2 protein chains.
Amino acid sequence: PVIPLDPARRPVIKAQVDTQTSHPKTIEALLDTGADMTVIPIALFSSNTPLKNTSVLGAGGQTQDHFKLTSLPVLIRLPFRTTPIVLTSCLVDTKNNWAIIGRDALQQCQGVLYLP
Amino acid sequence: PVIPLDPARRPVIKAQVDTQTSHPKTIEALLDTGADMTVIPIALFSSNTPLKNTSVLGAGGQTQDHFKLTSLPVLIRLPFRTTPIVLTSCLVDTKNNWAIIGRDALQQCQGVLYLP
Ligand SMILES: CC(C)CNC(=O)[C@H]1N(C(=O)[C@@H](O)[C@H](Cc2ccccc2)NC(=O)[C@@H](NC(=O)[C@@H](N)c2ccccc2)C(C)(C)C)CSC1(C)C
């Protein structure tokens, strides 16, 4: 689709995310051109799966413990497209349950920004 | 222009920014659909400018000190538009001097996200 940009409304999409560690779930995710890497809520993973420690720089400072990195690829299906986005690795939100589609996924989408 | 999306290459643009407290300056800004509000560097202001305290939530955490709010509108000229974007207020990064064009500015130049 064409998604209009408005400060009062976050640009969101429904995405089916398969962590390959439990059953795929459809979630609402922010579409974010400022994110290098996609973020998935920890809730989407089985309780025992191995994750890696990671450090992330964001607007509030540098966090050492808020995010992890996945061990397995993540598959994402978007409502209009038949082909899964395959992400070799992405971020995992161990706290605030953020779901954010970043430029890794938008590239495999052929997503663009358009400014007339 | 059409701006393609690549995890390895941040979508950045040259923006002439007028704070109205000294002359217009060129910065290189991240184009960011996950940003509610535009962020400009404190380095654009001279030492004694009245700015408001504000609390901002990002991936790094909630911060009450890193960012301030402008007192006056901010004027932003992009290379391919003749009419200035005028933001009633925006964020001022006192800590790292980041430059981020958010949805406030992108709405005014009719920016869209496009997913085929
Ligand atoms: C975890 C990933 C996303 C790290 N990368 C980044 O964070 C990059 N940025 C991004 O990816 C931005 O699009 C970011 C998305 C985000 C919003 C709120 C909590 C977590 C993530 N947006 C912000 O940080 C922005 N904060 C907000 O817009 C804030 N009002 C907010 C609060 C809760 C939900 C949505 C929005 C500002 C400070 C730039 C205005 C801005 S700074 C960055 C390093 C270039």
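Protein chains get the first letters and strands the later ones, always in sequence-line order, with residue 1 at the start of each. In each ligand, atom 1 is the first atom listed, and ligand 1 is the first ligand listed.
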Do any N or O atoms from the side chain of [X] and from the backbone of [Y] form a donor-acceptor pair under 3.5 angstrom?
{"X": "B:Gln20", "Y": "B:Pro73", "result": "yes"}
{"X": "A:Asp32", "Y": "A:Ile100", "result": "no"}
{"X": "A:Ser71", "Y": "A:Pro50", "result": "yes"}
{"X": "B:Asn97", "Y": "B:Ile42", "result": "yes"}

Heavy-atom nearest neighbour in the protein, as seen from [atom], with distance rounded to 0.1 Å:
{"atom": "atom 35 (C) of ligand 1", "value": "A:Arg10 NE, 3.2 Å"}
{"atom": "atom 20 (C) of ligand 1", "value": "B:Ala59 N, 3.3 Å"}
{"atom": "atom 22 (N) of ligand 1", "value": "B:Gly34 O, 3.0 Å"}
{"atom": "atom 5 (N) of ligand 1", "value": "A:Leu57 O, 4.1 Å"}
{"atom": "atom 30 (N) of ligand 1", "value": "B:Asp36 OD2, 2.8 Å"}
{"atom": "atom 41 (C) of ligand 1", "value": "B:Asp32 OD2, 3.7 Å"}

Identify whether B:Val12 and B:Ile101 are in the same connected component of the hydrophobic contact network (ILVMFWY, side-chain heavy atoms under 4.5 Å). no
Can you sort out the partners of B:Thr63 under side chain to side chain donor-acceptor pair (under 3.5 Å), two or more places apart, ordered by chain and number? B:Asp65
Does A:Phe67 come within less than 4.0 angstrom of ligand 1, counting non-hydrogen atoms of the residue? yes
So the side chain to side chain donor-acceptor pair (under 3.5 Å) pairs with at least one residue in residues 81-95 of chain B (sequence neighbours excluded) are B:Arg81-B:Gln110
B:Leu30 neighbourhood, listing ligand 1 atoms whose heavy-atom distance to it stays under 4.0 Å: 45 (C)
Under 4.0 Å from a heavy atom of B:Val56: which atoms of ligand 1 are those, numbered in the order shown and with their elements? 38 (C)
Could you check A:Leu78, A:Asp104, A:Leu106 and say which one makes a side chain to side chain contact (heavy atoms under 4.5 Å, CB included) with A:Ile85? A:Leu78
Side chain, backbone, both or neither: which part of A:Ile100 comes within less than 4.0 Å of ligand 1 when only heavy atoms are counted? side chain
A:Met37 and ligand 1 - part of the residue with a heavy-atom distance under 4.0 Å: neither
For atom 39 (C) of ligand 1, which candidate among B:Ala35, B:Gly58, B:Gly60 provides the closest heavy atom? B:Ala35
Pairs of nitrogen or oxygen atoms closer than 3.5 Å, one from A:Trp98 and one from ligand 1: do any exist? no
Any carboxylate oxygen within less than 4.0 angstrom of a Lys/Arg side-chain nitrogen, looking at B:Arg103 and B:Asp36? yes
